[PDB]
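# my sequence and its experimental structure, below.
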Amino acid sequence: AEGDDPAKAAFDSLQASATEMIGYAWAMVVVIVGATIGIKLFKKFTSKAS
Amino acid sequence: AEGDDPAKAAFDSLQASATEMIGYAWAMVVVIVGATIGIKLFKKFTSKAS
Amino acid sequence: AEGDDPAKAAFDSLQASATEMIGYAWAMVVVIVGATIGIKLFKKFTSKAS
Amino acid sequence: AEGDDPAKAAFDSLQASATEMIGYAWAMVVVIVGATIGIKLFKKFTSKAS
Amino acid sequence: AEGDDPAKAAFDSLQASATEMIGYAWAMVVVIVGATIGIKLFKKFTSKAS
Amino acid sequence: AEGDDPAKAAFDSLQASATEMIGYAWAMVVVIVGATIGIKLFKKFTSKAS
Amino acid sequence: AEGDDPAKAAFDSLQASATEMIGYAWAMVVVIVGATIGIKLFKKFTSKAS
Amino acid sequence: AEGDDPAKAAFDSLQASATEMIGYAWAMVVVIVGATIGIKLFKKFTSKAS
Amino acid sequence: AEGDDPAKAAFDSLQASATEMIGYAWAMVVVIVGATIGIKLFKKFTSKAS
Amino acid sequence: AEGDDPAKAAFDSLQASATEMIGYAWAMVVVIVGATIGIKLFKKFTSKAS
Amino acid sequence: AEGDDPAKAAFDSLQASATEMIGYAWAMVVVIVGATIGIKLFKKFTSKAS
Amino acid sequence: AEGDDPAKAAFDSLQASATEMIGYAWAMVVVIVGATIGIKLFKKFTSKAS
Amino acid sequence: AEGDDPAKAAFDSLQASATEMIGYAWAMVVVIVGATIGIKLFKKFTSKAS
Amino acid sequence: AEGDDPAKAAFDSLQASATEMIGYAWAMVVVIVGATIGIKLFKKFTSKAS
Amino acid sequence: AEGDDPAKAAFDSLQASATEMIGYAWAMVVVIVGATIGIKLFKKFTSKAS
């Protein structure tokens, strides 16, 4: 109930850091998935021609 | 039985502090799990296309 | 055998105080375990999706 | 044998919480599987036409 | 050899309490495993269809 | 060499008491280990199914 | 060398319990594999017809 | 009841010193935890990509 | 150099007890591994059929 | 309140040392993760070609 | 702030060792991937002929 | 400088006893580690098969 | 530098045991791979006939 | 500053012993990794053939 | 204020001895950590190959 008010910023500081790097894990998958899905389509173009 | 009444607030003060930071451990996992599960779905989108 | 009757309340007073704070050590673990176990389940939700 | 009667509710409280979130892990897979299986069928519709 | 007869109930009281909460650790895993295994089967239903 | 013969029973009395409670520490671990190991097996049943 | 004779039953009791649940992990896979393999054959029946 | 008034400052002086170094034990864990948690996230970024 | 000759049996007695239970930890893993590996083979039988 | 002013540098000296080695734990993970993630991509290049 | 200058070389020595073996994990995947991808191409040569 | 010559054997007698039981602490760990490491290998045999 | 000469055999004894069981992990994979690859060939015989 | 010169050999003796057994922990992992990696390659040989 | 000048060297002599052996506790951890971290990397090389 006391001595934690200035510790409350401690964890909001770690959590705020989490949101910064979390944006990298979310875009990371999408950066990789861009090709993941786009490549799928390249092969679709391949098998469909038969 | 005596001399503990004003100590009773001592631990309710530590426990009340616990409930404050406990809310961070609960939301912490969910902040991280948001992506954890959301990313799962990104890959599902990847394997399903085959 | 004598001079201890009014000391008998002395220790029942310390022991009665023990039962007061002991209730905090028992609920303390459970307050913390609530999340301990609940969080376990959050991650179960994470690994299971694969 | 004593001092555990009011702790018995402690774990029934954590277990009752488990049943709440467990319903999410069970429906979660089915929410995802809905499409998982439904999509399978979309592709079946694709290969069958040959 | 003496002064322990009324202490013998002390530990049978702690051990009897152990058997009470032990039933929760045993059913706990099974409550969680119910879904653990049941979900496995949901996914089996998913991969098998290919 | 003298005045210890009736004290010899003193310690055999404390040691005999030790053997009584020692049986509780030995079975205690096994009471807890019963589940400890049995639960291990529950999870083995879980990971093996993949 | 002594005080373990009545503990020897302790572990034979946990191991004997292992053999009980182990029969479930062995039949479990086979219960699931019954379909696993049987379904394979259903699809073989499908691709072979071309 | 007398001769302790100028000793009352003695302990408020030791306790006031405690609050000074206590701020170091609280921030110390957070200085170390900053990385503790931040690193967790680095690895999450690692396992998630599979 | 003296007063330890009859203590030498003390530890050979604990060590001899170790060799008794150690045989359980060695066979324990193998009892569990029997299925561990045998089950692997059950699944090999499953994936190979494709 | 007194005799701690020249001790205040004591802990700022240990904490300042922490920040020095902490930079190694942060870059350490990244030095290792460089490859961790980069290698992931090498394998992505492998499975995608099918 | 002091007594860490000659420890600074301690970790640069472990990190410098990391860069040595890290070159093996990077080339390792490529040594294996050489064939991984090259073999892909061997099979492409196989299916294309139809 | 005098009256300690026949006490010098006193401690060489306790130290010589130390070397006797010390051989048990050294082999003790190895008796237990035999299985510790050997079991590791049993599980390696388990995970490797995937 | 002393008291380790008779411990040197301790680890050469565990390592020598490793080489014994390691031969099982190496042949184990090959025992299983015999069929793994041989079966591949059975199916090659199947698809080639079209 | 005095009475430690003949103790300096004490720790160089324990540290020199560390370097002896440390060579076992380093080669130990490699003895086990030999197969760890070599087996990986056995399976690569397995999946590649498809 | 007097009779301590030639005692001042007493503790600088014990403290100077501390700095001598302290260098062993600092390098000790690093001697052990060399492998601790280096081995980590050996296993990274192991899991990454999948």
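Noted; the coordinates are in hand. Numbers count the residues shown, from 1 in each chain, chains lettered A, B, ... in the order given.

# now the angle between helix B:5-48 and the strand or helix carrying residue A:34, please.
If you go by DSSP states H and E, residue A:34 is part of helix A:5-48. Going by axes from the mean of the first three to the mean of the last three CA atoms, to 10 degrees, helix A:5-48 is angled at 10 degrees with respect to helix B:5-48.

# how about helix A:5-48 against chain J, any contact?
Yes. Helix A:5-48 comes into contact with chain J (CB under 8 Å from any CB of the partner chain), by way of A:32, A:35-36, A:39. C-beta: built from backbone N, CA, C; applies to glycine.

# run a quick check on residue A:37 versus residue B:49, I expect a contact.
Yes. Residue A:37 is within contact range of residue B:49, at 6.5 Å (criterion: CB atoms under 8 Å).

# tell me the spacing between the residue in chain A positioned nearest to chain D and chain E.
Here chain A gets closest to chain D at one residue, residue A:50, 8.8 Å apart by CB to the nearest CB. Distance of residue A:50 to chain E, given as CB to the nearest CB, to the nearest Å: 20 Å.

# how near is that residue to residue B:50?
17 Å (CB to CB, to the nearest Å).

# the two: who's more crowded?
residue B:50 (10 against 6; other CB atoms under 10 Å in any protein chain shown).

# what sits against the closest residue to the more buried one other than its chain neighbours?
Closest residue in space to residue B:50, ignoring its immediate chain neighbours: residue A:40 at 7.3 Å, by CB to CB, 6 or more residues apart in numbering or on different chains. Contact analysis of residue A:40 by CB atoms under 8 Å, 6 or more residues apart in numbering or on different chains lists B:46, B:49-50.

# between these, which sits nearest residue K:22?
residue B:46 (28.5 Å; CB to CB).

# OK, contacts around residue A:37?
B:45-46, B:49.

# measure it to chain E for me?
Residue A:37 is 19 Å from chain E, by CB to the nearest CB.

# residues from chain A in reach of chain H?
A:3, A:7, A:10-11, A:13-14, A:17-18, A:21-22, A:24-25, A:28-29, A:32.

# make it 6 Å
Contact residues, chain A versus chain H (CB under 6 Å from any CB of the partner chain): A:7, A:10, A:14, A:17, A:21, A:25.

# leaving out sequence neighbours, find the closest residue to the fifth one.
If you skip the residues right next to it in sequence, residue A:21 has residue H:41 as its closest partner in space, 5.1 Å away by CB to CB, 6+ apart.

# ok, that neighbour touching residue A:20?
No. With contact defined as CB atoms under 6 Å, residue H:41 does not count as touching residue A:20 (9.4 Å).

# who has more neighbours out of these two?
residue H:41 (20 against 11).

# now for whatever residue of chain A ends up closest to chain B: which residues touch it?
Among all residues of chain A, residue A:1 sits closest to chain B, at 3.9 Å; criterion: CB to the nearest CB. Residues near residue A:1 by CB atoms under 6 Å, 6 or more residues apart in numbering or on different chains: B:13, B:16-17.

# at 10 Å instead, please
B:9-10, B:12-17, B:19-20 (CB atoms under 10 Å, 6 or more residues apart in numbering or on different chains).

# re the thing from before, does the residue of chain A closest to chain D belong to a helix, a strand or coil?
coil (DSSP: H, G, I helix; E, B strand; the rest coil).
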